[PDB]
């Protein structure tokens, strides 16, 4: 699996432009870690009835991940600065990856999966992913939810493993792998 950066590639830039706009819900071109964390805890974790240890763990991983791309409490971030912090984040993540250090996306994924299956298999139902796709808004369609489960190497119960999603995410967000292309269907270019 690919480890080199492709930050100058217009396809990588467009992918995170889509996600920035998605985070810029009010359309003014600025986002804050304050909004992101609110979305994580007050909107996603509260709705899923996660435990305080689980909510704190999820919020800790979200804070770390977006501080990794230069966000911070009280700071308004516009897309050029977001994009430049994403080069730094992806470079950090590939370095930790190449040393078998837990990546920030690995740690966030563990925290998300721990909500749906509690502590155990670390696998999620489509019903459970559809729920996540709608709550987080990253994939509010019940149709797009279906295509990701068809794109991923699933297991024998028709359930998705955070091991699988983490591998797909390192391709989909960091290095632009074509078998990571399609991870979120046509819902994220």
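Numbering follows the first chain given and starts at 1.
- Comparing 177 to 185 with 12 to 20, the higher mean C-alpha B-factor in the PDB entry belongs to 177 to 185.
- Stretches compared: 110 to 118, 78 to 86. Higher mean C-alpha B-factor in the entry: 110 to 118.
- Out of 136, 32, 59, 51, it is 51 whose C-alpha atom has the highest B-factor in the PDB entry.
- Compared with the other modelled residues of the chain, the Cα B-factor recorded for residue 66 ranks in the lowest third.
- Residue 157: CA B factor in the highest third of modelled residues in this chain (values from the PDB entry).
- The entry lists a Cα temperature factor for residue 28 that places it in the lowest third of the chain's modelled residues.
- Looking at the C-alpha B-factors along this chain, the one for residue 164 belongs to the middle third.
- Ranked within its chain, residue 39 lands in the lowest third, by CA B factor from the PDB record.
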